[PDB]
Amino acid sequence: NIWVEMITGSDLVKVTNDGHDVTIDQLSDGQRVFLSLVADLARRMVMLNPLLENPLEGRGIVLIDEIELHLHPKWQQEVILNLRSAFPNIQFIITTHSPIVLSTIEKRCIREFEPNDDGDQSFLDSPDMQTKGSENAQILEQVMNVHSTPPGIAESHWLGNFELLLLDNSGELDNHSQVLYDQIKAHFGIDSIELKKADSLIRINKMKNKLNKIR
Amino acid sequence: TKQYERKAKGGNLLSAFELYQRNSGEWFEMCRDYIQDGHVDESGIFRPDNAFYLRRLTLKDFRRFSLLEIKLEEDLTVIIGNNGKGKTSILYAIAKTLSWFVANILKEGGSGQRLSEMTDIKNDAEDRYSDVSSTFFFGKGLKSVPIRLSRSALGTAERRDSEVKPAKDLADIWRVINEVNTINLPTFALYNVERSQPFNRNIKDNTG
Amino acid sequence: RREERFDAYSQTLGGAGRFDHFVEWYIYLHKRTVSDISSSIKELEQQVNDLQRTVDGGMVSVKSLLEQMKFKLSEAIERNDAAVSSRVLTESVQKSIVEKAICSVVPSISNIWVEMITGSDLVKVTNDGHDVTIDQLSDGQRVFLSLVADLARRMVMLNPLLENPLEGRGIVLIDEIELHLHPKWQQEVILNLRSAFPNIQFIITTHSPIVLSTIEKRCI
Amino acid sequence: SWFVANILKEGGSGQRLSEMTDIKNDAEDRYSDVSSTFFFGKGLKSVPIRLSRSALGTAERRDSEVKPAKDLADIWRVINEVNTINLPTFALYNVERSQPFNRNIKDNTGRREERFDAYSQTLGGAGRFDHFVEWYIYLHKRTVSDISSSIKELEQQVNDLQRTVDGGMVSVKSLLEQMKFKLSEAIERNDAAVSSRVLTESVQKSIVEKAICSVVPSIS
Amino acid sequence: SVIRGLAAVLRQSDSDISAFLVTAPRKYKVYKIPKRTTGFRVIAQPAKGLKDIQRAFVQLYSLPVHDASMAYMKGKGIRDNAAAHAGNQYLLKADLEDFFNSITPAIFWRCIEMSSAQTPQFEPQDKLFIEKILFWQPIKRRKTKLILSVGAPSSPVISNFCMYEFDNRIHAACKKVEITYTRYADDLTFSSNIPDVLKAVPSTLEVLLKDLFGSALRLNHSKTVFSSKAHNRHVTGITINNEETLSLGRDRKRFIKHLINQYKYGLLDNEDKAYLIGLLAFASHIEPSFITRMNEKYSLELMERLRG
RNA sequence: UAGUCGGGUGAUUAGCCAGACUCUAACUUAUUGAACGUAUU
Ligand SMILES: Nc1ncnc2c1ncn2[C@@H]1O[C@H](COP(=O)(O)OP(=O)(O)O)[C@@H](O)[C@H]1O
Ligand SMILES: [Mg+2]
């Protein structure tokens with residue numbers, strides 16, 4: 001909710017934010033900036049479309065740079081859908097760095113720079129992968145060219161190293177593989193995906209070795 | 001003229017408007033209907049018969065770009081890339097172009113914005129000038145509205161001219177028709193990273 | 001005022017830094033590196049000596065000029081002495097430290113230097129392999145450059161006795177560390193900052209899972 | 001304002017009507033016009049000027065018609081450039097002229113001496129009484145001094161410095177060049193002053209003093 | 001020598017030709033022609049005396065012209081131009097900026113010097129007269145700025161000649177990669193049945209233009225258009241339909257039918273009637289089958305009555 | 001799906017019917033001059 005109060009003796013715009021009545025000055029920067037965008041846009045459309053039943057169905061071109069600016073991931077999942085619902089005949093031209101935003105948009109709407117461009121590319125094109133409804137981790141790797149796990153962190157490579165050690169010792173936990181297993185357990189925890197993967201590797205490799213011995 | 005009459009009767013908006021201006025009923029109503037006609041779709045949303053959007057953008061020796069072409073969607077286009085790939089440059093180029101429509105809706109012969117001779121020309125471009133070329137669509141009766149903004153680098157003795165007359169011609173239709181009988185007008189807005197600012201209620205603008 | 005040590009505390013807790021102060025200070029450092037002060041003192045000493053000989057030879061008209069030059073010499077010596085008295089790092093070394101910090105922490109920037117173009121001093125950068133002015137940088141690059149440059153400047157000014165002034169102590173607060181950064185930079189930013197400023201206590205806010213993937217849960 | 005702007009600079013712009021405040025609220029035509037006609041002898045019986053402004057979004061623009069005023073102001077400007085002529089005074093004194101006096105007054109930057117400082121802020125409403133005081137003090141200093149004595153003194157100093165450089169002291173060559181420049185500037189200013197046919201500072205001072213004492217009854 | 005040749009052709013004295021030519025670059029009438037949408041084009045036509053000289057010059061001196069040049073050529077036109085591309089599925093159109101007004105005496109003489117095929121040789125003394133014959137001075141005060149005007153009878157010939165080497169090179173290059181190339185004045189058309197070959201052509205064009213003309217002649221980058229059988233394809237006003245046949249286009253055909261229907265009920269005014277007749281002659285040239293269909297739809301008698 | 005091509009109907013630049021096409025991808029243009037078509041001769 002949004003309303004004006006005058007009773008204090010000065011005109012104040014108030015809003016109900018997360019169930020609490022606050023002034024605009026008390027909003028977080030993320031909330032305020034987004035509110036500002038929508039309020040400004042709505043005002044202009046109302047003023048310029050007096051003969052429409054819904055003035056927000058007017059025509060126009062709106063440019064937004066970094067749509068995800070100050071937005072929590074939760075909000076990034078809603079923002080394009082909400083804007084397009086409210087302003088159905090506006091042409092939106094947007095920039096983003098957010099895979100979460102891209103997960104809500106069709107591949108046909110996306111224009112992507114070539115990875116090693118150097119400013120001589122003649123025509124922009126859409127990605128090969130469908131983004132709308134896809135997992136964020138896939139968009140990171142397939143569209144944004146970024147590893148889903150940080151390569152500069154040693155712990156990111158422990159599972160790979162663990163697997164290689166297991167395969168070097170015919171699938172049996174040797175002293176070295178056990179140490180690394182314990183490191184994985186200690187670092188990621190007993191309930192971690194990483195430890196479950198390690199456990200899985202042990203189980204599979206033990207069983208493969210048993211089959212090999214039977215043969 | 002008979003040529004304009006034929007084109008206008010074929011649904012050409014510019015011809016209809018030219019006939020209106022020379023005779024100053026029929027032609028006025030054609031222009032006004034072209035702008036105001038539309039229908040409500042199955043979802044209950046009003047849809048103009050004649051849509052307005054940017055179709056295509058071309059950048060030549062502009063900032064990082066030597067020669068770049070972008071085809072835009074009628075509804076939503078999202079530009080992605082690493083920092084420094086020129087995403088903001090593309091929006092700036094479009095915003096400057098749109099400034100020519102806004103200026104001419106406000107005032108006959110109004111001036112839009114310009115490319116910077118200090119910053120906007122590509123640093124290592126052998127020809128020391130830049131071009132931003134846009135094409136807009138406004139229904140089947142005006143399929144192409146081409147605009148070019150141009151600028152030469154600061155030292156350079158040859159000067160490259162902008163071509164903005166088509167923008168002015170279309171904006172003139174909106175302005176003149178509106179004056180006679182009210183019409184809905186297009187919204188043009190840019191929201192860049194400058195939209196993040198502290199709020200102060202205390203400051204009131206007393207200009208207009 | 002930008003050369004005064006305690007200018008390092010000037011709007012430190014205002015929220016923006018003072019990147020304008022950095023640029024002024026950096027150009028200042030460049031000009032002083034091209035111009036040795038002691039040769040100017042030696043040259044000024046020689047000029048004062050030559051002017052004194054002329055006054056002793058009966059040319060009373062140049063006495064006013066001698067007094068002015070003696071004043072200039074005394075001021076130059078005082079500046080030199082104050083510089084000597086401050087135990088402060090040489091301007092050349094200061095410049096080098098800051099340049100290294102910027103290039104190390106900011107991925108798109110490989111070099112930064114001052115050019116005299118026409119009649120004005122201009123800071124230039126090699127950004128993504130191309131030479132550009134600061135005004136030509138992208139918002140993300142500029143914002144991050146601004147943060148690092150400002151912080152480095154203040155550390156150099158406040159830690160003159162350290163071999164590496166960036167190993168000084170302090171507390172730095174950063175809101176929304178991922179502001180304007182692509183995912184690729186978000187994967188490196190915390191590592192780069194902590195490597196450049198090893199004894200700063202960083203208290204930061206983020207919305208980025210990519211940033212969090214580089215940090216231990218104890219810090220969260 | 002349109003005369004003043006064009007006397008000062010080719011293509012100078014005077015002031016414009018406001019779209020917000022100057023247009024009558026209930027104007028059917030949605031534009032405003034301020035039309036003036038000036039007289040300049042029987043050779044130019046009518047110099048018409050119109051200042052116009054239309055409301056936003058009107059179908060036609062209403063532009064100002066300023067060319068005759070510019071043409072006349074150009075005659076004054078161009079003829080004056082070749083051979084000094086007398087020029088017209090334009091001034092507005094509003095109720096704002098009643099303001100308190102800053103007792104502390106600015107050092108002579110040297111802008112107040114320039115002839116076209118007479119057009120500075122001339123239509124602002126308050127006058128510039130601070131500029132008067134600065135200019136009047138300046139006039140006094142010049143009257144008590146001599147002009148060309150500084151040139152003669154500078155000429156003597158350049159001659160003494162030239163003798164020193166001829167005597168083998170090459171270190172003072174830089175100072176000689178600086179002083180020669182100062183001498184040339186002084187001569188040029190003197191020549192420009194001589195070229196501008198401007199009254200002696202003593203006479204200027206006398207005229208103003210007499211005017212003030214004549215017009216202001218309490219001041220003798 | 002040029003003077004003697006002209007004098008002989010025009011049955012005038014050497015002296016009167018020479019005298020006339022002194023101010024020939026200024027003997028142009030300037031006027032405006034309305035564009036089909038809004039606005040005007042500015043045209044400069046030489047005075048009658050000068051037109052005669054220009055025609056005589058063109059008659060006396062044959063300059064080479066490439067076969068790919070379709071405009072201003074005896075026995076060739078827009079039909080031939082369009083037909084060259086009708087069998088290919090992919091199309092590229094490009095345009096040169098300010099084509100005629102970009103051609104200066106400097107370019108002309110360079111082209112003469114560079115030309116492979118047998119150019120007429122001119123004496124240095126004749127060069128000044130030739131410049132005065134062929135080039136217009138738009139600015140009275142600026143005697144140094146001479147350009148070709150579209151309105152002059154010599155301008156077509158000179159422009160085609162100046163493009164001769166360009167046409168040679170690009171035609172040869174295109175033929176190696178199976179691209180069809182034609183030029184109609186400032187309008188360049190490329191077509192092919194091979195996918196992904198036309199994309200390289202614009203870059204090739206820019207290089208070649210720079211090589212031959214430096215910065216004097218440039219591509220209009222706004223006017224570079226790719227098309228295919230997915231979309232509308234036209235060449236110099238002629239539609240190429242999906243059956244690879246030249247067409248007026250559906251809308252024009254429907255308009256003609258409208259006019260014939262109006263005529264059938266005696267509703268066409270004389271001006272519109274004359275207009276209709278003219279348009280049918282053009283239709284007969286581009287799409288004779290359309291006329292046959294109109295005869296079938298409207299009675300041969302009606303159509304004969306109309307065309308009588 | 002959409003856009004495009006267009007054979008037919010239709011007091012006809014509309015609407016409707018039929019069939020077809022799809023390199024990321026047409027935006028129909030300019031005279032009195034030149035060339036081309038037709039008429040005139
Ligand atoms: N005139 C110029 N010449 C060359 N490169 C330029 C020029 N102006 C800006 N750049 C470069 O363009 C990039 C600017 O990116 P920007 O438009 O802000 O895009 P983004 O928002 O994706 O970072 C930087 O890499 C900068 O070095
Ligand atoms: Mg004709």
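Letters A, B, ... mirror the listed sequences (proteins, then strands); counts begin at 1.
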Asker: Apply side-chain hydrogen bond (donor to acceptor under 3.5 Å, both in side chains) to E:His234 and list each qualifying residue two or more places apart in sequence or on a separate chain.
Answerer: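 If we apply the side-chain hydrogen bond (donor to acceptor under 3.5 Å, both in side chains) test to E:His234, skipping adjacent residues, the hits are E:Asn232.
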Asker: Passes ring-ring contact (aromatic ring centres under 6.0 Å, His included), E:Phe161 versus E:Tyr61? Steps please.
Answerer: CA-CA 12 Å; E:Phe161 166 65; E:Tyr61 300 101; over 10 Å; no
Asker: Would you please name every residue forming a side-chain hydrogen bond (donor to acceptor under 3.5 Å, both in side chains) with E:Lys297, sequence neighbours left out?
Answerer: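 Once residues adjacent in sequence are excluded, E:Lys297 has no partner under the side-chain hydrogen bond (donor to acceptor under 3.5 Å, both in side chains) criterion.
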Asker: Taking any atom closer than 4.0 angstrom to a non-hydrogen atom of chain B, what span of RNA chain F does the protein reach, first nucleotide to last?
Answerer: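 Range of nucleotides within reach of chain B: F:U4 to F:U29.
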Asker: How would you label the glycosidic angle of F:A11: syn (within 90° of 0) or anti?
Answerer: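 It is syn.
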Asker: Using a heavy-atom cut-off of under 4.0 Å over every strand shown, decide if E:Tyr298 touches base, sugar-phosphate, or nothing.
Answerer: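 If one applies the 4.0 Å heavy-atom cut-off, E:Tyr298 turns out to touch a base.
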Asker: Rounded to the nearest 0.5 Å, what separates atom CG in E:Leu148 from atom CZ in E:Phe99?
Answerer: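 Interatomic distance, E:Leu148 CG to E:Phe99 CZ, rounded to 0.5 Å: 8.5 Å.
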Asker: Under the rule that ring centres be under 5.5 Å apart and planes under 30 degrees, are F:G10 and F:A11 stacked?
Answerer: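 Between F:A11 and F:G10 there is no base stacking, as the criterion is defined here.
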Asker: Donor-acceptor check, side chain of E:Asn193 to backbone of E:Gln89, threshold 3.5 angstrom: yes or no?
Answerer: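 Yes: the side chain of E:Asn193 pairs with the backbone of E:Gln89.
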Asker: Hey, would you say the B:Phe101 and B:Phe52 ring centroids sit under 6.0 Å apart?
Answerer: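 When the ring centroids of B:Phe101 and B:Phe52 are compared, they turn out to be within the sub-6.0 Å range.
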Asker: Looking at E:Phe20, is E:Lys27 sitting on its ring face, NZ or CZ under 6.0 Å from the six-membered ring centre and within 45 degrees of the normal?
Answerer: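 So E:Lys27 does make the cation-pi contact.
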Asker: Below 4.0 angstrom, which residues in residues 30-39 of chain B have at least one non-hydrogen atom near RNA chain F?
Answerer: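 Output list: empty, so none.
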Asker: When the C1' atoms of F:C17 and F:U28 are compared, how many Å lie between them, rounded to an integer?
Answerer: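 Roughly 27 Å separates the two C1' atoms.
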Asker: Please state the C1' separation for the pair F:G10 and F:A18 - nearest whole angstrom.
Answerer: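 Looking at atom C1' only, F:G10 and F:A18 are 15 Å apart.
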Asker: Does F:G6 sit syn or anti, given that only angles within 90° of 0 count as syn?
Answerer: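 F:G6: syn.
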Asker: Between the side chains of B:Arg148 and B:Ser133, is a donor N or O closer than 3.5 angstrom to an acceptor N or O?
Answerer: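 Side chains of B:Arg148 and B:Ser133: no pair found under 3.5 Å.
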Asker: Go through the steps to decide whether E:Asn88 and E:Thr180 satisfy the test side chain to side chain donor-acceptor pair (under 3.5 Å), and finish with yes or no.
Answerer: CA-CA 8 Å; E:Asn88 294 332; E:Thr180 302; 3.1 Å; yes
Asker: Mind checking whether E:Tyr298 and E:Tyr263 have ring centres under 6.0 Å apart?
Answerer: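 No, the ring of E:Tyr298 stays outside the 6.0 Å limit from the ring of E:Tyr263, centre to centre.
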Asker: With a cut-off of 5.5 Å for ring centres and 30° for planes, do F:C27 and F:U28 stack?
Answerer: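 Per the 5.5 Å and 30° rule, F:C27 does not stack on F:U28.
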Asker: Using Watson-Crick or G-U wobble pairs with both distances under 3.5 Å, give me RNA chain F in dot-bracket, 5' to 3', with [ ] for crossers and | for pairs to another strand.
Answerer: .((((.(((.....))).))))...................
Asker: Considering only residues two or more places apart or on different chains, which pairs with a residue in residues 180-199 of chain E satisfy ring-ring contact (aromatic ring centres under 6.0 Å, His included)?
Answerer: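 Residue pairs with at least one partner in residues 180-199 of chain E: E:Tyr181-E:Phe190.
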